[PDB]
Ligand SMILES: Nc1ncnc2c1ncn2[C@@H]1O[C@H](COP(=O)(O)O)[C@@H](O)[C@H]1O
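We begin with a single chain expressed as structure tokens, specifically the form deposited without the named molecule.
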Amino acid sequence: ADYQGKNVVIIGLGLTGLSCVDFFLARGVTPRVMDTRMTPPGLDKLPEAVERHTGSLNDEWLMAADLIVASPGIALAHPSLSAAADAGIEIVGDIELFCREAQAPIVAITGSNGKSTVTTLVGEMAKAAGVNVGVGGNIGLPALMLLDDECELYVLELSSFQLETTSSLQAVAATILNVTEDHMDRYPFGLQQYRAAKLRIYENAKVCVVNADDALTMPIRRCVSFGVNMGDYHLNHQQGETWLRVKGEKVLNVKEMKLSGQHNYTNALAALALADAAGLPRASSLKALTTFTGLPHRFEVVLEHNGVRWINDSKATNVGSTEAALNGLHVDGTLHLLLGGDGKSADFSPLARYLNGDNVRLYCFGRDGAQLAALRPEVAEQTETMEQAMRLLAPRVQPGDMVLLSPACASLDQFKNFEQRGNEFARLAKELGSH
């Protein structure tokens, strides 16, 4: 693609928006930037030569554009964008710009849960093979910041929103790990619309990797599969022990892994399927499975002290992710579960099946605190903030208990992002969890 001479408008700043601005400037094109936020992240880093409009969209700019580059954070359904689309003005996002330029194969990973873990794992598999790998996209560096002629493989986590604006991906291996209700504030045609955005990832993929246990991961019209009891890649339980298997053959006893739990084992299978499809040596891929320690904010033990485990699962921003934390969870004493934030119109009811018994307390905060407390009012307390909830629960914590932040919601009503929420949790855990 050649952008020279084009009127380019970038919607949405932050680090990803800035990478788009830099991409065009480096190619001798000065874009214009708009953002519905008054002082969006990164505004102070935007070069003065770049015109910007903030606090709303500017329809004069949009309707004048030859190319609109939309952040995943702006809905394509926004009236100003739909008007531009109706006028035949081309709309793409950062991932599309990247795909048009990339000179190495791309492994592309999406899903409602597991996508950052699987992306990171495949990245580690590549590193163990001595491959010069660029890992990022929806986590780490924005994709355009990874673009480098020396890269031999890219491994990109892609959100449903980025996929909506992407048309030129031809992944060497693409997966949807699972699809569970999320982002309903952005998908007014509900679960199937959200699924449809993710299904885009398979278009022109050389290999598709699907979840044998999740029918929604399958194309609507074969694919390689992973699963628990079935799939090309699957688990073999051997009295106390679990193995990763490929087509009947044992490849790894999960005792060699640092990660634990069934859904981490299926994330391991999906990573291995992708790595195999990308042509990575199977041996170095298995080695990476043994060294990988997990991501911050993903069921992360931030303090184990005085008989109490304090677990930061702030990355649980939907119901499916909290279900994964709670399903099969062992707690010796009482589970003190922190729930809250912006639930994005999700149905929280699927959590209620994990919340019976005499050994659960709920501490519910943020925008949807009351709806969360409603899951089981008799064991629930509601506060405005997570700090209030922590200070409420801490005096009640006894040796043997677990304190779990796995909030099932976005943090964006009260925090910059789920990392900030997790870090605040960890700070407070360390204060409240020792003498």
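For every residue, the number given is its place in the sequence shown, counted from 1.
Below, we turn to the form solved in complex with the named molecule, even though it does not appear here.
- Of the candidates 310, 233, 365, 299, 299 is the one whose heavy atoms come within 4.5 Å of the named molecule in the bound PDB entry; the others do not.
- Proximity to the named molecule in the bound PDB entry, defined as a heavy atom within 4.5 Å, singles out one entry of 208, 346, 316, 163, which is 316.
- Residues within 4.5 angstroms of the named molecule in the bound PDB entry, judged by any non-hydrogen atom, belong to 116-124 and to none of the other stretches in 279-287, 329-337, 116-124, 347-355.
- The named molecule is not drawn, but in the bound PDB entry it has a heavy atom within 4.5 Å of residue 324.
- A residue is said to contact a partner when one of its heavy atoms sits within 4.5 Å of a partner heavy atom; residue 320 meets this definition for the named molecule in the bound PDB entry.
- Not displayed here, the named molecule is approached by residue 178 to within 4.5 Å at the level of heavy atoms in the bound PDB entry.
- Although the partner is absent here, residue 267 sits close enough that one of its heavy atoms falls within 4.5 Å of the named molecule in the bound PDB entry.
- Although the named molecule is not shown here, in the bound PDB entry the stretch 367-393 places no heavy atom of any residue within 4.5 Å of it.
- Comparing the chain between the shown form and the other one, the hinge between its two rigid parts falls at 294, out of the candidates 355, 42, 294, 147.
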